[PDB]
Amino acid sequence: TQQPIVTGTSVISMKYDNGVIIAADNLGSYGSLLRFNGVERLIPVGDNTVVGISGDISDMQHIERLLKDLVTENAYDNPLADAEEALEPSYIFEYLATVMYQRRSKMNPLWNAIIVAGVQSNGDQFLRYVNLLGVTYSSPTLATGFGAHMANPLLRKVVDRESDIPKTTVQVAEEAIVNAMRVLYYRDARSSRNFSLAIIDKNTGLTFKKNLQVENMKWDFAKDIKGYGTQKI
Amino acid sequence: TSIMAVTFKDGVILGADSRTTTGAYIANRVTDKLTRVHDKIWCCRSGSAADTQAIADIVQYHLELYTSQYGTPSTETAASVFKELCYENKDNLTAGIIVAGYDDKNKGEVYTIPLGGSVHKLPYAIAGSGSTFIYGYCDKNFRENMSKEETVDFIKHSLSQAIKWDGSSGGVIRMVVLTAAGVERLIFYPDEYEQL
Amino acid sequence: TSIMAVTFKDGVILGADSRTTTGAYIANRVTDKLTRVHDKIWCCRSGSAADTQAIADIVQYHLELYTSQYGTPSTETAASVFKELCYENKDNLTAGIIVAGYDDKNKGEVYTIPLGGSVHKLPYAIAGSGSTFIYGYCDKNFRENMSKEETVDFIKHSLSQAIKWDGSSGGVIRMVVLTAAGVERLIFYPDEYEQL
Amino acid sequence: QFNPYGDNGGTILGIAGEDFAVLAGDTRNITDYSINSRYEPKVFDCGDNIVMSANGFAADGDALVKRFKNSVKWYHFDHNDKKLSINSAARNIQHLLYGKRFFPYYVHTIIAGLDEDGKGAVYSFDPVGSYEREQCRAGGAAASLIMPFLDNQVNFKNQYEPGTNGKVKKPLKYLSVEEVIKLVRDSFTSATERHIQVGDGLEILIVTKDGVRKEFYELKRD
Amino acid sequence: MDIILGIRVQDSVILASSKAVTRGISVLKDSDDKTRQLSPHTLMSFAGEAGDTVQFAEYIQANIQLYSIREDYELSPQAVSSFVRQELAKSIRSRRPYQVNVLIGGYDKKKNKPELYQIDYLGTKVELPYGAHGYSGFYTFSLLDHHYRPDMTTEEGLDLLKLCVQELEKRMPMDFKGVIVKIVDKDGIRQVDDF
Amino acid sequence: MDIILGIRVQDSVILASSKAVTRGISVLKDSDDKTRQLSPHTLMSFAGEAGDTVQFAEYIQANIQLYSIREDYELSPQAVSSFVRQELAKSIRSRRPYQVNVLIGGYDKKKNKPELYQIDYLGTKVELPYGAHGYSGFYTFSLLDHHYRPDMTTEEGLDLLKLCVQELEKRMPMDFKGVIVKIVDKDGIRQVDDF
Amino acid sequence: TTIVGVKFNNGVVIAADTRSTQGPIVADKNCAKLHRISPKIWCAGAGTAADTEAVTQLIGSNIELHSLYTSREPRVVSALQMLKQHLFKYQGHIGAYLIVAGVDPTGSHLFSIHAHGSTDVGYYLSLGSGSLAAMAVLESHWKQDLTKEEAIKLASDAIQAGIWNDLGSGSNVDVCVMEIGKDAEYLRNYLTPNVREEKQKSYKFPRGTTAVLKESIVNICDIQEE
Amino acid sequence: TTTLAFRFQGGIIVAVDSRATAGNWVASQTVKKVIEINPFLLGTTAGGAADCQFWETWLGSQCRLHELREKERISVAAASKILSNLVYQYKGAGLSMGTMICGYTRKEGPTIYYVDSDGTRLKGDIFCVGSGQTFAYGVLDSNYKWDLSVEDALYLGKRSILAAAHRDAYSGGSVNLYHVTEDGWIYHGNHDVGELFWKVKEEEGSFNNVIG
Amino acid sequence: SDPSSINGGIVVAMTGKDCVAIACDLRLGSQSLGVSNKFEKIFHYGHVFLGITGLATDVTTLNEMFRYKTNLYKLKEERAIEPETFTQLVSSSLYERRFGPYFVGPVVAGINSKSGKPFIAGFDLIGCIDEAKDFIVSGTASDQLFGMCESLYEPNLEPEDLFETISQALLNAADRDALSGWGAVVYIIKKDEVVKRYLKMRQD
Ligand SMILES: *[B]([O])([O])[C]([C][C]([C])[C])[N]C(=O)[C]([C]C1=[C][C]=[C][C]=[C]1)[N]C(=O)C1=[C]N=[C][C]=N1
Ligand SMILES: *[B]([O])([O])[C]([C][C]([C])[C])[N]C(=O)[C]([C]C1=[C][C]=[C][C]=[C]1)[N]C(=O)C1=[C]N=[C][C]=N1
Ligand SMILES: *[B]([O])([O])[C]([C][C]([C])[C])[N]C(=O)[C]([C]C1=[C][C]=[C][C]=[C]1)[N]C(=O)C1=[C]N=[C][C]=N1
Ligand SMILES: *[B]([O])([O])[C]([C][C]([C])[C])[N]C(=O)[C]([C]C1=[C][C]=[C][C]=[C]1)[N]C(=O)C1=[C]N=[C][C]=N1
Ligand SMILES: [Cl-]
Ligand SMILES: [Cl-]
Ligand SMILES: [Mg+2]
Ligand SMILES: [Mg+2]
Ligand SMILES: [Mg+2]
Ligand SMILES: [Mg+2]
Ligand SMILES: [Mg+2]
């Protein structure tokens with residue numbers, strides 16, 4: 001048992017017709033102090049999987065090393081390491097899910113919430129969640145922390161059920177993700193303007209976007225707000 | 001919360017962020033923490049929103065009744081009424097208030113009233129959770145008898161940094177200018193102050 | 001405690017105050033918080049004195065044994081050994097360590113390791129209780145590729161303010177300069193840095 | 001302090017017929033006041049004509065089901081591909097659950113299938129492995145809402161025959177698969193109305209001598 | 001204190017109450033009468049926290065005696081039980097509540113019927129054919145459920161009461177030093193001196 | 001369990017132990033023998049936490065019986081008491097200590113003397129003319145301080161023991177359901193069937 | 001609970017879901033969370049149901065007496081001031097979280113109130129367990145110079161986000177529109193997107209199914225003549 | 001839970017209720033609180049359902065292994081002591097068990113041992129165990145004799161459980177009756193309290209308090 | 001410890017076609033100990049019926065309080081109180097004890113004498129009004145009652161049909177609750193006749 005020290009906030013994601021999108025901001029908070037402003041919380045594994053991690057950053061870096069080591073180990077005595085016997089999103093997730101549940105069972109958890117986003121060999125979209133308790137679930141949209149409360153409602157308006165996935169394009173899906181990231185910046189006190197976004201498409205492959213910013217913000221109406229009730233000036 | 005009041009040549013300027021939080025949720029991103037207790041006596045509020053509002057409302061009532069009987073009150077008098085409420089009810093209040101006002105005789109004055117209910121007259125004052133991150137900056141950059149434009153830049157740069165590092169601070173930077181000329185409200189948006 | 005490490009054109013400079021406290025009593029006013037784990041790999045220590053000493057002693061042992069087998073270790077390698085100790089023993093340790101070193105290939109590098117045992121490579125880093133009061137100042141005043149004299153002034157001014165506001169920080173300002181030229185120790189006394 | 005347990009909500013329902021058995025469960029998965037998924041399968045085909053669901057803390061639920069599926073696999077390896085009977089599966093699950101007596105799987109387990117005489121069977125477990133064969137059982141969050149309804153409408157409890165006035169009970173006539181599915185759907189619709197952790201979807205697994213069939217129905221999403 | 005029992009038969013109410021008073025590890029007394037006559041045809045037994053029991057009982061006694069003098073009339077058992085309940089219901093939300101449980105056995109001279117009321121310290125009133133407070137009922141109610149009949153005589157009621165006390169003396173850990181038995185009927189209140 | 005007494009007279013040791021076994025609000029048994037014969041001339045009575053008492057007593061019994069067979073010789077009461085004390089002294093610093101208090105009454109055939117040892121669960125041993133565990137001694141020691149003479153007969157010891165039990169039955173709150181009395185002398189161990 | 005308030009061109013609109021819960025159980029499926037303080041001052045309430053009702057009735061009662069005393073139509077700032085001072089005095093123990101809106105001779109107004117007595121001003125506001133879901137919608141679709149039709153749509157959509165995504169909210173959407181120079185229109189059950197489907201079976205029992213012991217007529221009438 | 005067992009002329013009567021609860025929630029009315037260890041040994045369950053049922057089911061395996069090894073059925077004393085020694089190892093860990101081990105052998109005759117999770121092991125003639133044990137004791141003690149007919153002893157056991165089922169909130173459902181003799185145990189049916197109460201009330205003239 | 005579940009008990013109310021029904025169990029206990037099987041929880045003031053679950057001392061106290069208040073109402077108003085008005089009186093009376101509440105779950109049932117409209121309502125311990133069209137539930141088996149009512153109930157049931165529905169809802173809910181049962185009473189209420197029926201149920 002411990003407590004999280006340096007922490008990362010929401011990771012948000014959704015499925016679309018040809019793949020999956022995942023995003024997370026670049027902040028490493030130290031309680032109320034916004035300590036580290038250049039933290040990458042989306043970690044790609046091969047060219048078909050992106051693991052988005054929130055919560056304790058020291059445990060994130062540990063998980064990052066496990067995944068790095070997993071790729072190395074998979075390549076050993078494996079002539080088809082870059083083909084038929086490459087790491088799948090489902091393999092990577094199940095491994096993490098096993099570790100998370102084992103660690104919680106020893107009363108020494110990895111203090112994280114994780115979303116594994118990717119595309120399988122047969123082109124099927126993969127999107128599944130796991131956290132410090134070893135709890136797992138899948139959904140057309142997935143989000144951690146504040147994202148669960150604010151991003152999911154917005155993303156579910158685009159893809160409300162399974163049958164909405166083929167009707168959703170990559171442009172519409174990315175637009176929804178970017179809007180959600182803006183809303184989180186308005187309302188989450190442990191978020192930053194800077195974020196990373198990753199698209200895993202079955203046709204165009206893995207597109208990893210860094211140094212994105214929240215833009216088109218509405219603040220002008222603030223000038224008209226005066227006092228807390230009766231004050232006019 | 002990041003709040004400050006700075007005296008300068010022509011008077012005094014109050015400054016504040018606009019963030020109200022319930023834990024990590026931002027309950028209000030466009031809050032007005034610069035509140036009026038008299039024509040040219042204002043205050044910056046930090047701590048409990050309910051407490052500081054209740055206090056400010058009572059002070060405004062006291063100074064309105066003071067004015068009807070004895071004419072315009074001094075900034076020191078306003079600070080004393082704040083103090084009396086904060087000190088005597090210290091067990092039940094969480095309020096960090098900066099009182100700032102402009103007289104013609106005394107010019108610009110700033111009084112800070114921290115948690116205990118003590119009073120401290122200062123050339124400038126900083127308070128709130130975000131103030132911790134700008135003690136170094138403000139101490140190095142403050143000068144007495146600055147111009148209006150210099151004081152605005154000083155507050156803008158200071159609160160920008162406080163906002164940058166403090167999770168409980170954010171939104172727009174509100175400012176209120178108190179001089180002989182009158183009362184001027186200023187606002188500065190994220191796109192402006194973040195690139196500083 | 002107020003500690004910092006700053007990379008610059010010719011390499012890296014470590015800086016620290018000299019105060020050790022048991023509550024409000026200053027147990028040591030001339031403490032050396034800048035400690036050597038290898039010829040040109042040093043660290044700044046904050047938190048528990050016992051913990052950070054024990055950690056530093058173990059790291060020095062590991063790097064001495066590394067050197068005997070594989071030659072001079074990189075600054076990244078030294079940071080990794082610190083991390084391994086801090087991360088795996090996080091439940092039992094209170095250590096905030098900044099690792100700074102000079103290679104010829106990589107030049108000046110700074111790695112900060114906060115309480116959790118995470119690693120962060122940065123152009124410069126600040127830590128300890130007193131660092132809170134200079135986030136604003138340091139962020140506004142830091143530039144990349146500064147000169148030796150500029151970097152010394154930056155650290156001197158920064159730690160001066162941290163000392164001024166933090167009760168747990170004080171005494172002399174110690175500094176260690178890491179360049180190709182070698183290792184230089186600097187000291188600055190209260191009469192010098194207080195008047196800044 | 002770290003709390004190793006959580007509550008993922010949901011509700012399950014097993015009903016044993018004369019030559020069939022059903023195991024139903026909603027597809028909603030939650031934490032506190034948030035929905036994790038509107039469709040997260042909770043009832044599983046474990047092989048050998050046995051269906052299983054472990055409702056409560058989903059991590060323990062998944063772990064238990066995974067370990068039982070494993071037990072079925074090794075039962076085949078060790079005993080010449082012999083079919084694991086429902087009674088033998090139930091006893092095996094008791095030992096899986098009681099094995100963690102002092103750090104329990106925080107779940108209410110129900111299995112369903114056919115006994116060795118071909119008759120419908122439902123077995124029900126508590127978290128630490130106490131079990132019992134039953135004709136009827138609801139489990140999980142809305143179990144307190146559903147069970148009384150099943151006592152009334154499956155076992156005809158407190159029902160008597162008109163004209164006699166409390167003297168002659170209503171006879172315990174058997175229920176068809178079509179009749180049972182109606183009671184399952186009404187049970188979950190009623191539970192969805194008054195329980196916030198129940199909704200989204202209903203997935204029913206029907207077990208007969210022919211095998212395992214599935215049926216899905218929509219539930220209210222509020 | 002410990003055990004108080006009550007049984008309403010055909011023409012009377014019988015109250016049985018233990019004689020022991022224990023403080024800590026010592027039985028200070030073995031002849032204590034845990035009851036007060038509220039009126040000629042109304043008896044109240046009591047058990048609860050030390051001091052509160054007697055203080056409450058005597059306070060109620062004084063109030064009913066005051067009513068009797070003022071009106072030159074005896075209140076019905078039902079009326080007395082309602083008064084007692086209100087006092088306890090008032091008490092439970094006081095600064096320091098009366099920690100007292102009572103049985104009220106009375107003979108209503110108007111209706112010519114015996115009546116037994118069980119009231120706990122919360123002000124929970126019930127009229128019963130037989131009653132008990134504390135751990136007594138855990139033993140005695142099963143016996144009374146089996147044997148009790150509504151037309152029993154007073155002598156049959158005493159025999160059934162002896163069977164209750166015998167069971168308590170066999171299975172209860174505490175030595176309650178026997179019971180004082182009192183009968184309430186049309187002729188008033190009397191004590192059974194040999195039990 | 002509750003009350004265990006011991007008295008060493010001229011030519012014998014007498015142990016008296018209550019018969020009651022109580023769990024919660026029920027006396028489950030009223031004929032329980034809280035003792036074990038360790039050897040032909042050594043008897044041990046016991047009281048403490050449920051389960052631990054019998055488990056400890058039988059464990060000691062087995063060890064002394066093993067010694068007897070191996071050496072074809074009976075250990076002295078002093079030797080047995082020292083063995084028992086060491087086991088309890090070992091136990092008190094264990095993961096889960098034996099929560100058991102014992103009296104050891106034996107007749108030393110070598111010295112031709114009766115001997116009574118009182119040992120508590122901590123491993124505190126004392127040789128005494130009379131002893132008790134629990135709240136028993138709070139009553140019985142004053143009586144024994146007055147009446148006990150060292151040259152008493154076995155019959156006088158039993159009469160003095162009856163006076164102890166009578167006092168306990170008068171003043172103790174718990175009904176311990178009488179005592180089983182056993183005498184240890186040169187001829188061995190025997191039970192007084194009428195007490 | 002999901003409650004929202006949205007300002008528009010010539011007035012203000014408030015909305016609310018209709019679910020009340022005790023733990024994980026739904027106590028009431030069609031609860032009324034929009035309260036009338038005065039004819040043109042309405043407020044939505046979240047938190048403890050008895051408190052939101054009681055505090056609204058009390059202030060509404062005093063507002064009515066104040067209106068009669070002054071011969072003036074009541075103002076939203078008066079209701080706001082009376083509510084906050086009452087709630088502050090009780091130090092958050094009166095669990096009322098309110099969105100107060102209305103029109104008066106000064107104009108149209110929108111405020112929020114929290115249990116400890118703090119007030120906030122805004123063009124759009126949301127309170128309750130579903131406030132995060134609702135605020136996500138408001139932050140995504142709100143703009144300046146909304147029409148009446150657009151504001152109702154935005155307000156109801158914000159409630160729906162709470163209904164579908166928050167387990168503490170559900171059932172129906174209630175709305176109240178307060179436009180300047182007009183009567184306030186209270187739209188009870190404006191939307192009904194959660195009607196229960198037909199049951200598979202009728203559970204009407206045969207008469208005589210239940211076992212009875214005794215029967216008797218109950219005298220509800222008074223004591224009779226003659 | 002209410003369970004009892006008593007020795008008499010015709011062997012042993014064992015009677016138990018059927019209710020299981022989780023707080024105020026009635027989890028089951030059809031629980032088998034008697035466990036058939038072998039054709040001559042019975043065990044009763046009170047306290048934790050899993051604890052009792054796991055370890056008494058386990059006890060049967062140990063008893064079967066004994067008679068395989070020793071070519072002789074296990075004594076009631078030895079069977080009861082296997083269980084008491086087992087739970088004693090777990091003492092402090094939080095097992096919750098109150099059990100009677102009931103049987104007949106040639107050397108012992110009819111024997112009952114009370115075994116519980118604190119490590120208590122007691123031989124006796126009469127035992128009642130569970131939350132409703134006091135209610136059962138009332139009926140049993142007032143009506144018990146050694147010279148009871150199998151028929152009358154069975155009814156007394158049935159009636160004692162009924163008494164407890166009525167008054168104890170955590171007892172009820174139905175009554176399971178067993179009769180243990182020289183030639184083994186004999187099941188005597190499940191008796192629903194909902195029907196048994198009214199039957200006994202009418203025939204016996206008892207429960208005059210209740211209206212029917 | 002929990003005041004609302006020391007004594008146990010339940011109340012349920014339902015509307016039908018030109019009729020209402022209110023029913024309750026008869027148990028009063030002290031936790032596990034069953035004390036009384038005649039503790040009725042339904043009372044009436046004129047034609048307005050009130051069921052109360054929860055702490056038994058408060059059940060009795062509130063009955064006496066509302067009898068007190070409805071009697072004064074009648075003397076001053078010169079007419080019997082109506083269900084709608086009585087509901088407000090219950091709410092007012094409970095809320096005045098906001099920070100020292102009666103630990104009860106009241107349920108009002110009746111027919112308005114002027115309009116003829118069936119009316120039911122439920123409350124929490126501090127006064128909040130739940131005015132349902134279909135049914136109201138209260139007590140230690142409220143979860144069970146919700147499940148029974150939500151499945152068994154259908155609108156516009158005739159008085160004699162409504163009796164069967166509410167009776168089965170109560171009985172089967174009570175049988176899954178340890179602190180409820182020990183007998184039951186059902187009131188069938190029409191505009192100018194009221195029938196009271198005691199139900200035969202299992203006594204454990
Ligand atoms: B600021 O953060 O101090 C701010 C100033 C206030 C006058 C608007 N205070 C708050 O946001 C407080 C919490 C708090 C945060 C940090 C330090 C001290 C206090 N919030 C509230 O009072 C609040 C939050 N949600 C609803 C109502 N009130
Ligand atoms: B500094 O204040 O962090 C300092 C750095 C240390 C490496 C010399 N630490 C201390 O002075 C600590 C206490 C402390 C103060 C502030 C923050 C964190 C910790 N002191 C000691 O470890 C200490 C004090 N007296 C004797 C021995 N050790
Ligand atoms: B909402 O969730 O805020 C809603 C709004 C209310 C005004 C109808 N609140 C409730 O449903 C509250 C939740 C709550 C539960 C327990 C303590 C405090 C608040 N429910 C009730 O007020 C409630 C519950 N059961 C019966 C009556 N009222
Ligand atoms: B009985 O009441 O002891 C009973 C016997 C058991 C074999 C079913 N135990 C229980 O009902 C216990 C709770 C309990 C109640 C009263 C006294 C002691 C214990 N319940 C369970 O063991 C249980 C099992 N499965 C589901 C729910 N509860
Ligand atoms: Cl504010
Ligand atoms: Cl040091
Ligand atoms: Mg900020
Ligand atoms: Mg639902
Ligand atoms: Mg009582
Ligand atoms: Mg019941
Ligand atoms: Mg019962």
Side-chain angles (χ1 to χ4, degrees), chain A residues 219-233, chain B residues 1-20 28 30-46 49 52-53 55-57 59-60 63 72-75 78-79 82 95-104 106-113 122-128 130-131 138 142 146-160 162-163 169-189 192-193, chain G residues 120-121:
Chain A
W219 291 99
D220 191 66
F221 68 92
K223 76 191 193 292
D224 304 315
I225 290 159
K226 286 152 182 165
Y228 47 82
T230 62
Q231 187 175 306
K232 293 168 177 175
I233 301 162
Chain B
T1 285
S2 302
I3 50 166
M4 66 194 299
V6 187
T7 62
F8 74 111
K9 202 205 289 92
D10 303 334
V12 65
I13 305 177
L14 298 82
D17 75 298
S18 68
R19 183 165 287 184
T20 306
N28 189 352
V30 291
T31 319
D32 184 17
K33 305 180 185 191
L34 307 176
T35 58
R36 198 204 97 127
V37 297
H38 198 64
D39 296 42
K40 294 186 175 179
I41 304 169
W42 289 59
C43 72
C44 310
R45 294 182 301 104
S46 75
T52 58
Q53 281 179 18
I55 289 160
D57 289 353
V59 172
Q60 187 175 34
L63 298 181
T72 309
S74 63
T75 308
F82 270 108
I97 294 165
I98 298 168
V99 185
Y102 180 82
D103 286 297
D104 263 303
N106 300 291
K107 310 224 79 212
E109 286 188 344
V110 168
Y111 297 83
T112 184
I113 301 164
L122 298 168
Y124 79 103
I126 53 168
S131 66
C138 291
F142 173 76
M146 285 187 293
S147 66
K148 186 198 168 190
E149 283 70 31
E150 287 175 319
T151 309
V152 169
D153 291 345
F154 173 65
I155 291 168
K156 194 191 296 189
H157 281 71
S158 294
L159 297 179
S160 175
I163 286 162
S169 301
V172 300
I173 293 169
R174 295 192 190 281
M175 295 179 65
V176 170
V177 184
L178 265 42
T179 59
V183 180
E184 191 187 7
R185 264 200 180 277
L186 301 170
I187 183 162
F188 298 101
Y189 305 106
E192 301 181 43
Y193 74 77
Chain G
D120 291 292
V121 189

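All chains are named by letter (A, B, ...) in the order of the sequence lines, taking the proteins before the strands, and each is independently numbered beginning at 1. All heavy atoms count here, side chains included; hydrogens, waters and symmetry mates do not.
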*asked:* Is it true that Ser46(B) and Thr1(B) share a donor-acceptor pair across their side chains at a distance under 3.5 Å?
replied: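 No, because no side-chain N or O of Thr1(B) sits under 3.5 Å from a partner of the opposite role on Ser46(B).
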Check whether [X] reaches the backbone of [Y] with its side chain - one donor and one acceptor, N or O, closer than 3.5 Å.
| X | Y | result |
| --- | --- | --- |
| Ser18(B) | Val172(B) | yes |
| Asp17(B) | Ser2(B) | yes |
| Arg45(B) | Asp32(B) | yes |
| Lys33(B) | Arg19(B) | yes |
| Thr179(B) | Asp10(B) | no |

*Output field: ring centroids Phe142(B)/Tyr124(B) closer than 6.0 Å*: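 Yes, the ring centres sit under 6.0 Å apart.
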Specify the closest pair of heavy atoms between [X] and [Y], including all atoms of both residues, with the distance to one decimal.
| X | Y | answer |
| --- | --- | --- |
| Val110(B) | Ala100(B) | CG2-CB, 4.2 Å |
| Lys232(A) | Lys226(A) | O-CD, 3.6 Å |
| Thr112(B) | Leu122(B) | CG2-CD1, 3.7 Å |

*Does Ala127(B) have any side-chain contact (heavy atoms from CB on, under 4.5 Å) partners at least two apart in sequence or in another chain, and if so, which?*
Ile3(B), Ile98(B)
*Are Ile41(B) and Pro73(B) close enough that some pair of their side-chain heavy atoms sits under 4.5 Å apart?*
yes
*asked:* Would you compute the distance between atom CG of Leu159(B) and atom CZ of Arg174(B) and round it to the nearest 0.5 angstrom?
replied: 13.0 Å
_Among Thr31(B), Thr52(B), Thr35(B), the one residue meeting side-chain contact (heavy atoms from CB on, under 4.5 Å) with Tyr228(A)_ =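 Filter result, single survivor: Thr35(B).
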